[PDB]
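Following: one structure in C-alpha cells, then a few remarks.
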Amino acid sequence: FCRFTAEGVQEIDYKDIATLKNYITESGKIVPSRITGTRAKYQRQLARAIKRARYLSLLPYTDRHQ
Amino acid sequence: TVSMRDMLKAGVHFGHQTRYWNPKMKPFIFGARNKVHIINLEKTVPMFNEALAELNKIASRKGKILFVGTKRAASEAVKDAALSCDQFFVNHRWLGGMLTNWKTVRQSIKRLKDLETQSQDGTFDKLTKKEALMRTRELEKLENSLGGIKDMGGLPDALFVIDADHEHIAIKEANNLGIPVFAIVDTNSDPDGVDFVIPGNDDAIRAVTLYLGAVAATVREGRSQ
Amino acid sequence: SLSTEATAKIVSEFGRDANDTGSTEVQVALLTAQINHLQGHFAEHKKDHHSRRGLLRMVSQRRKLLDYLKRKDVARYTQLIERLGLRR
Amino acid sequence: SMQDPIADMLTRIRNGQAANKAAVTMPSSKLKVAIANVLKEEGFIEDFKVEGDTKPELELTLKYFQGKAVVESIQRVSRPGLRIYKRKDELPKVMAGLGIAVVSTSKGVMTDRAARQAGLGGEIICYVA
Amino acid sequence: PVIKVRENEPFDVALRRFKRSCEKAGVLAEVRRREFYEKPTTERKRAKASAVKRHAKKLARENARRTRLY
Amino acid sequence: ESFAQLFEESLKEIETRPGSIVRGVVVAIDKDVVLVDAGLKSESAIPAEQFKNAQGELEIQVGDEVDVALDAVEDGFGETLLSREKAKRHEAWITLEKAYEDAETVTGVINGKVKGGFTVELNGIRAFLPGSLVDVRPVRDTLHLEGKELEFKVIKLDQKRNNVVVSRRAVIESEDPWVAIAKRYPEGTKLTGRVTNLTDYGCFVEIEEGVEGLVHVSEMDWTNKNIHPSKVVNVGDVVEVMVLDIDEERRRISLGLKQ
Amino acid sequence: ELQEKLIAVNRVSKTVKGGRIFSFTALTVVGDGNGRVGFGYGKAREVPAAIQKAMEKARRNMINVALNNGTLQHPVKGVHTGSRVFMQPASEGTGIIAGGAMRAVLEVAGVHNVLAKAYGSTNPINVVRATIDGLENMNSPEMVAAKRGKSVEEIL
RNA sequence: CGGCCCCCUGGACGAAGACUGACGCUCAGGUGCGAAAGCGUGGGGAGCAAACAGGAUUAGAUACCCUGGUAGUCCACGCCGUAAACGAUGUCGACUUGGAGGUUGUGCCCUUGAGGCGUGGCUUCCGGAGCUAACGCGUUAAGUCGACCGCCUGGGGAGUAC
C-alpha cells in the first residue's frame, strides 16, 4: 500500500519535510518498508531525501541530540 | 448419454485454482476464469461416454465394480450409488494394500462377518459389559472400513474413483494388479495411472453425484443385458 | 561516455550516408575517440582499474574491427589508419 | 556459439520425442531439410514443412506409436570437432540393420543402405534408431 | 525515547509507556548487538540463516497444516 | 463447438466477482454449517452466524438465495468470502440513497458513545458514529427513554474508514491513513472493528480505512496468559476496541479489549 | 516348465542394542526358456526361506523379451546403477559368453548364443537388473516395422 | 563495494526504429586485475589487538576468562599473488513440463483504485521428466546436445625434495 505509486511522484523531495516526517521515527530513525509498505524503489529515494534533510538540519538525526 | 448442459448445471466445468494445477491436465483444460481453471466440456463428454460404455461392457460379463470416494463430503453419495446397482465400495479411508494385500484383508473381512453373525443371528446376548462394548466397537470399526467390500469375495474387475490425487494409493494398487481404473480427475490431479480418465470436478457435491448416477445406471444396464 | 554531439560528428565524417552509424570504419573511429578521451582520465586516475577494464575491452574491440577490415578490404583499412593515425 | 546445426536439430528432435511434443520447429538449412526428408522416407517422422522467405523455419512433425516415441535413439556421428568419413565397405549397420545411418555422399544425402546399394560411401551424419 | 508525564497521569502508567517506547526503539537490543564485534562473515551467516529459518516456518509448516493432526 | 466458447463468455456475462448476484441456493443445512453454490468451482463452508437475524435463530431453508463475496480463490479447497459482508454493500446503498433527496430515513436508536458519537444500529448491524451525529442540537439521548425510537439523520461519515454518526429524535429538523492519524487518537477512543486473523499472540482487529491494530493477548479478557485468543473472542467479528496507543511512524496502533 | 536359478545369497546385518542381527538375501531369476524372464530378491532370517521368497517374487512381475531364434535381435546396452552391460547377438554354437549374474538371467531367458560384457560394477543384483533392462528395451524387426509404418522387407 | 554532496569514469537493462553484414565462440603460452595477513619508504594512530606483561582457572594452562598492551588495522606510492579466492559446479550457444516470490524496465487497458492482461532483464525458494552412488540437481541442470580449454588416474611419502 505505497503512497508514492498512487500519487505517482517522479522523485521524493527532501524539502517536503512534512511528508518525510510520516516516514521518520519519534526517535528520528527512518521507518522500515515492511511497516510503511512503501515500494522498494521509492523507499531508497525516501531514505536519501531524509538523509539530505538531516544534513540541512531540516530533520533531526535523533531525538536526544542538541 | 449424459448431456453437456446438465454437466454445466452441476458444475463439472469448474476446476481448481491455477497455482494448484497439474500440467499433465493441460489438454483437458479450456481456459482460466477469475484465476480458476475451467475444464473443457467438449473434450470431457466423449471420454466420459466412452468410460460409461466400458463400465457397461464390464458389467455385462459379470464384472465386479469397486466405488472409491473418501472425501467425506461425497461418502454418503458413493455408498448410495454402489447400493443402487448392488456393487461394492470404499466410502471411508482406503486401507493401504486392500487389493495388493487382499489375502490378509480377506481375514479381516471374515472376522467382520463373524462379528456380524454374532451380533445378529446368534441372539445369545449374556456377555460381560466391557467385553461386549469392545466387541461392538470392533464391529463398528470393521463396518466403517470394509462394509461395502464384505461380499466382494475376490478382487474387483474394475475400479471407479472420485478423485485420483486423493485415492492415489488405490489407483497405484489397481495398476500393480492391472485392474481397469475409471477416475474422475480434476486439474490438480495426475491422470497417468488412470486408464479411463474423466476430466471433471471432484470437489463439488452435485457434480460428484451426477458422475455417480450415470455410472450406476450403466452398470445396471450391463447387468440387465 | 562520449557526448552525443561529438558522436554524431564522428558518424557524419567517417560514415558515407551519415545516417549509417554502424559502418566498421565509423565504429572504429568512435572507439578511437573514446580511447583518446579516456587516456586523459587514466593519466590522472591510475588506480581506477574497473574503468580501465572497459577501456581495454574497447581497445580490443577496435583491434578486432581493424582486423576484420583488413581481410575484407585493404585500401579502406589503410585510409582509416591514416585518418586516425593508428600505428596498426 | 552455435557450431553444429545438424546436431542441434537432432537434439531438438530428441527433446520433442522425450516431452511428447507434436511438432518441432527450428531455423531451416538445406542439409537439415535433406536430413528431414530422409527421416520421413525412412518413417521416423510424419512430415516436415519449411516456411518463410527471409529466414525460413523448418517444422518437423514427430511420430508416436503406442504412446512411446518412434525415434528411440538419434546420435550425431560426424561433428565439427571430429569428422567421420566411411568408404562403402566400411559403412555401418545401425541396430543390426533395424535403424538407419544418414550418410552424405557425392550423390546427395541418403540412408546407409541406399549408399551401399549405390556403391559409394561418405560423411556419416547421424545414426537414428 | 523522550517522554513527559501528562497532567494527572499515574506513575506506573508512565513507566509502562516509557518501557513500550524503549521496546519500539529497540535500544536494548541495539546495545546487546554492539557489545562485541561480530565478524562480517558471522553477521552475514546469521542473516541468511535466520532468513532460511523464516522461509521454512512460512511454507513447510503451511504445507503441514493442510493435513489434519488426528 | 463455439457453442462452448460463446457459453463461456455468456457465463462470464452472467456472473460478477463481488457478493452482488444473489445466486447461491442453500443446498444443505446442518448446524453449524450452511452451504451454497453460486456457480463457483466449489461450495462455501458458510457459518451459521452470517445467517441468523437479530435474535439468534435461522431464517433461510433449502433453496434460498443470498450472494456471498469473491476475489479470493482457493486456500487449499473451497470457495468464498462470506455473504454477510454482501449485506454491507446493501447498507451502503441505502446510506448513499440519502444523497438523492438529502435525507435517508429508517429508524436510528442511539443510547451511548463508545468513542464520542452515539452508536446507531440499523436492522441487524450496529454502527458507531462521531459524537455530534447522535443529536441535532445539545439535546442528548441520556434523558430520553433508553434505546429510543427515532431514525438516524446523518451528521458525519468518514467515507474511507467506515464510521457513520446519525441524528436521533427531532423529526422537524431537516500516505493516506498515516499523515493525519490524530482522529481516533487522543487516549482511549473506542472503535467498532472486525477482527481478521488471530496469530496465537494476537487478534488483528483493523477497520479504520487501511490500518492495523493488534489487541495482542495481554488484555483481551481479565486473565493474562492461559487465554489463547481463538477461544475467547471469535473469527471475523466486530468488537469493542479502542486505540490505547498510536505510533504514526512505525504504523503500530496498539489497541486493547480489556476496557 | 519354468526354470529358476538362485544367482547369489548374501548375509546382511542390522546392529541393535544387544549386538548384530543377521539375515540373508537371496537373488533369484526365473524364466520359461522363451522371452519371459523375471528376477526376484527375497530376504529372511534363514537362507531357504529367503530363497523361497525370492522365487515367489520372481514368479510374479516377469517380463517378455523378443528373441530371434536362440539369440538377440541386435546389440543392446543396458544400465542400472553402477552396472552397465553390453550384450551382442551371436552365431549358433557360440554359447552364452557372459559373466556371473548376467549369465544366469540369459540362460533362463532362453538365449543360447550371446557375447556379453559387464562393464562398470558387477554387483549381482544391479547387473541382473541391467541385463533385464537391456532385454526389455531390445525391439524386434516386426515391432520396428509397426513403429515406422513399413513392411519387414522394407527394413530387412 | 554501504552516511551525504560534487567532479572524472566503466558496465548492465529496456523501448522502438536505423545501420554494419559473420566482424563470431574458445584459448596453451602471454598480459592484466586479485580478500586477509605480510613486506618496503613516508605519514597517521581514536577504537580494536597478534606479540608481550600481570591476575585468575588448572595437576600444569607457554590457552580459553580478566586488566593492560606493541606491531598491525587507517592514508600515499610500490611489492606480495595466495584463501573453504566455494555454487567446493570452466566459458559460449541451442533445446526440454510447472508453481510461489523478489527486484528492475516496458506495451496496452475505463489506472472507474492500492489494480487488469501481457512482454523483456537479473534474481530466491519448491518441485516434474530426466539425470545421479546416493545426497541431491532440476529452464540459473548436476537434464538433452555441440564448440573450445583446464584438470584427475589408489592411500601415504608430498603439493614435499632437487
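Going down the list, the protein sequences come from chains A, B, C, D, E, F and G.
Letter 13 of the first sequence, counting from 1, is numbered 13 in this note's numbering, and no numbers are missing.
Letter 81 of the second sequence, counting from 1, is numbered 81 in this note's numbering, and no numbers are missing.
Letter 68 of the third sequence, counting from 1, is numbered 68 in this note's numbering, and no numbers are missing.
Letter 21 of the fourth sequence, counting from 1, is numbered 21 in this note's numbering, and no numbers are missing.
Letter 58 of the fifth sequence, counting from 1, is numbered 58 in this note's numbering, and no numbers are missing.
Letter 20 of the sixth sequence, counting from 1, is numbered 20 in this note's numbering, and no numbers are missing.
Letter 46 of the seventh sequence, counting from 1, is numbered 46 in this note's numbering, and no numbers are missing.
C-beta atoms are modelled at their ideal positions from N, C-alpha and C, and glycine is treated no differently.
Could you name the residues of chain G that residue i contacts, counting a contact when the two beta carbons are closer than 9 Å?
i       : result
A118(D) : Under the 9 Å cutoff, chain G gives no residues; its nearest Cβ is about 16 Å from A118(D).
Cα separation between residue i and residue j?
i       : j       : result
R57(C)  : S3(C)   : 19 Å
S189(B) : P156(B) : 23 Å
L159(B) : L67(G)  : 35 Å
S28(D)  : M9(D)   : 10 Å
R16(E)  : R252(F) : 16 Å
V36(F)  : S75(B)  : 19 Å
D13(A)  : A47(A)  : 11 Å
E62(E)  : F77(F)  : 14 Å
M62(G)  : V37(G)  : 5 Å
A81(B)  : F30(B)  : 30 Å
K39(E)  : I35(C)  : 42 Å
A56(E)  : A49(E)  : 11 Å
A73(B)  : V66(F)  : 22 Å
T131(G) : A114(D) : 34 Å
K148(F) : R126(F) : 14 Å
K15(A)  : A53(A)  : 7 Å
Just the chain E side, please: which residues come within less than 9 Å of residue i by C-beta, in chain order?
i      : result
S27(A) : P1, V2, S21, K24, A25, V27
Closer than 7 Å by beta-carbon distance: list the chain G residues that pair up with residue i, in chain order.
i      : result
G43(D) : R148, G149, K150
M95(D) : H74
In chain B, what lies closer than 8 Å to residue i by C-beta?
i      : result
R17(F) : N34
Taking CB distances under 8 Å as the criterion, tell me whether residue i reaches chain D.
i       : result
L156(G) : yes
Since residue i contacts residue j with CB under 8 Å, what's their CB separation in whole angstroms?
i       : j       : result
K41(F)  : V36(B)  : 5 Å
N126(G) : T81(G)  : 4 Å
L62(D)  : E46(D)  : 7 Å
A170(F) : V139(F) : 7 Å
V105(B) : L66(B)  : That pair is no contact at about 13 Å.
Can residue i and residue j be called in contact, C-beta distance under 8 Å?
i       : j       : result
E59(F)  : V106(F) : no
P80(D)  : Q3(D)   : yes
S108(B) : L133(B) : no
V241(F) : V205(F) : yes
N201(B) : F14(B)  : yes
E123(D) : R87(D)  : no
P130(F) : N163(F) : yes
Could you name the residues of chain F that residue i contacts, counting a contact when the two beta carbons are closer than 7 Å?
i       : result
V31(A)  : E249, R250
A53(A)  : Near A53(A) there are no residues of chain F at all, since even the closest Cβ is about 15 Å away, more than 7 Å.
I205(B) : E43
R66(E)  : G76
Given that residue i touches chain G, what residues does it touch there, using C-beta distances under 8 Å?
i      : result
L98(D) : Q73, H74, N139, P141, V144, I155
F48(D) : In chain order: nothing, as chain G lies at least about 15 Å away.
Cβ closer than 7 Å: which chain E residues qualify as neighbours of residue i?
i             : result
residue 74(A) : Residue 74(A) lies beyond the stretch modelled for chain A, which goes from 1 to 66, so this question has no answer here.
Give a yes or no on whether 8 Å exceeds the smallest Cβ distance from residue i to chain F.
i             : result
residue 73(E) : Coverage of chain E is limited to positions 1 through 70, which leaves residue 73(E) absent and any answer about it impossible.
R3(A)         : yes
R61(E)        : no
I17(A)        : no
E11(A)        : no
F14(B)        : yes
Would residue i count as contacting chain G if we go by Cβ distances under 8 Å?
i      : result
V70(D) : yes
Any beta carbon of chain B sitting closer than 8 Å to that of residue i?
i       : result
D141(F) : no
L40(F)  : yes
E8(F)   : yes
Check whether chain A comes within 8 Å of residue i, counting only Cβ atoms and requiring the distance to be less than that.
i       : result
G202(F) : no
So, is the C-beta of residue i closer than 8 Å to a C-beta in chain E?
i       : result
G236(F) : no
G193(F) : no
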